[PDB]
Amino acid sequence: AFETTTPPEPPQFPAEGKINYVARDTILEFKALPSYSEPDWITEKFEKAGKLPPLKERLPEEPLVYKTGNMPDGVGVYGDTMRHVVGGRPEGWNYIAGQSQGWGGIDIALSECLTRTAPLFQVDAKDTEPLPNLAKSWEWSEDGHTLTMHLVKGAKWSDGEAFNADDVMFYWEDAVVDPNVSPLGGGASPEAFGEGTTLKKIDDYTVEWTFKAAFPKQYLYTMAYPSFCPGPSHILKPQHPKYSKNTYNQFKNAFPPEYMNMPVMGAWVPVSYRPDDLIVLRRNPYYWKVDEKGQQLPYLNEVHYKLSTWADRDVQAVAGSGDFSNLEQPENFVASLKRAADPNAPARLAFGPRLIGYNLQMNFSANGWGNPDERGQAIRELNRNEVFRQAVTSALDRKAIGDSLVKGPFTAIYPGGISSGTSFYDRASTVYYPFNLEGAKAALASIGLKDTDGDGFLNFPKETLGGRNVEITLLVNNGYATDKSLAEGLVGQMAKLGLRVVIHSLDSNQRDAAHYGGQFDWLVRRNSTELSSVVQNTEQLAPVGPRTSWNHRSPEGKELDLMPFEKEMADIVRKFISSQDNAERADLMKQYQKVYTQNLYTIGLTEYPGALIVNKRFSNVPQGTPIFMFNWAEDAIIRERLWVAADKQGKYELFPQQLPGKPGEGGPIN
């Protein structure tokens, strides 16, 4: 019906900062060092005062040692604070039960995972193994169905309680496997680690995975952020409904933001909170990572999370009151670039590849995900019709969408699928539906949609909903100008097509509950890592499991009503996950891209590059760090390895020479 092509080449972006590519094992290693050191005030005011055990005792036998060769500026010195500004608000501290801490790096900093992938932007190979993190090493069996995972041994939580396999097993069994619990990020279902995957304890520092497929090495990426980040079981397990009289809601809400010094495996601990103002994190004295000189990390003693807006993060970073920003809203690009143009600017700004994409996602579940009424179900059936999706995508003037956010070389024509900024992208495999409004109007008439009341808007046939006008709800995040602008644009464009679209503008936490719960027709969404990197959370590319897809989930317990193209997509993703051949993998992502964009798994809105804004006083910030690839730049820059020269240090500490207090007390100890 439509004359498809490939998307036109965008204006050549000279992608600012260049990456110094290194091999995978240049960053870190696990080993015992002859001696260890820490800030002098800890030894003098805490150890010598009998307030804290000596350093060698608080550390594991073989801590994670950062190698100096990879450090952009070398070994650091202690002091200073990294100041962050966020548009999110904390729900509480129960990350594994799906509670958000406010985003913008806070949960990234608090929740350490089995593996780590965000610093992999600097490693050149599409067959790279994720970095060891809480899992120090792992071995595959000869058949490739068994994965033996060795954990960091002798490490402790920020409260001094031992970290071991029991924390890993409580997360797997009582957060992932438990159907009533949904960990933060919305992708921690058991099938995300493969359908039929089991995990068992061997001993206190050894776990064993059993997979149906042979060598599905891609699941090591799923073991990174956000899907495998264990919580303190000694604190969380007594609150869990299986071991208490608590409901699942009571367990999820057992640790509100006012609960202080929540145990973490991260570099800093939350010590202070003031509603709609600030969150203060203080150095974790039990942190299990050190530099080559034996200095216990982090170098920075404090971290601030100012509770403001996402736009204000860009404002404060160029002004110098904030130290970091991911410039990701095109409406803020010109104002930020003008301010960064000054040689006296306190921060540096660098654009990366086009890895920020937006998609229109349609709910594909006709089996009752989100318990829809007669109207909702009729929309599910329209969404599932290929001709309907072809009309919606063809009715979008993508050049006008791009220009509505920012004029210039930033935006690129984005039909949907894999981001043009990743190596796995193939332009020739991307199906582009050019702007054809008349063809789109004709396509809808061809499936029995016509204006029966004379208002120009199309009606359902007499048999469906009494022949009333078609009305579609559109779920949006109200925290961003970009999301709102795209939602408003979609309403106006669909009105030209004869479709009435109604905005459902919700805050981040309400938006997540409506999305993951299936209570939506359509939704405007910024892409996650699977479309910007392919290799990070590959299971989210298709409905490989009942809850792995963002737009096609099944309610527990009903089976997935997959359309043939979705099953073809699920087979390609499964093949790629278990593929050991680089040429085969590249080819599978070409097939995937073709199936996705021809059948319109989602509908692309726009794609553009983001910019990393970092305060100039910070040392060890890697050159060319993207804002978003394997994860957000807050993770990619390795914040525990950042330092400031003594003569350049700011005096921003709110709890100087203080350490975190006890969980549920009492603020910092002093």
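All residue numbers are counted from 1 along the displayed sequence. Definition used throughout: the rigid core is the maximal C-alpha set that superposes within 1.5 Å between two forms.
How do 553-561 and 321-329 compare in 4 other deposited structures of this protein: which one has C-alphas farther from this form after the rigid core is matched? Once the core is superposed, the stretch further away in 4 other deposited structures of this protein is 553-561.
After superposing on the rigid core, which of 120-128 and 346-354 has its C-alpha atoms sitting farther from this form in 4 other deposited structures of this protein? Farther on average in 4 other deposited structures of this protein: 120-128.
Hey, which bit's got the bigger mean C-alpha B factor in the entry, 212-220 or 283-291? The deposited B-factors put 212-220 ahead on the C-alpha mean.
Looking at the entry, does 325-333 or 454-462 show the higher mean C-alpha B-factor? The stretch with the larger mean CA B-factor is 454-462.
Which one, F388, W522, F170, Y305, has the peak C-alpha temperature factor per the PDB entry? If I rank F388, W522, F170, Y305 by C-alpha B-factor, first place goes to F170.
Please pick out which of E29, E640, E44, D635 has the largest Cα B-factor as recorded in the entry. Going by the entry's C-alpha B-factors, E44 comes out highest.
Split into thirds by Cα B-factor across the chain's modelled residues, where does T393 land: lowest, middle or highest? Its C-alpha B-factor belongs to the lowest third of this chain's values.
For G624, the third of its chain into which the C-alpha B factor falls: As the PDB entry reports it, the C-alpha B-factor of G624 lands in the middle third of its chain.
How does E530 rank on Cα B-factor within its chain, lowest, middle or highest third? Its C-alpha B-factor belongs to the lowest third of this chain's values.
Place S37 in the lowest, middle or highest third of its chain's C-alpha B-factors, as listed in the PDB entry. According to the entry, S37 has a C-alpha B-factor in the chain's middle third.
Based on the deposited C-alpha B factors for this chain, I'd like to know if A487 is in the lowest, middle or highest third. Its C-alpha B-factor, which the entry lists for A487, ranks in the lowest third among residues of this chain.
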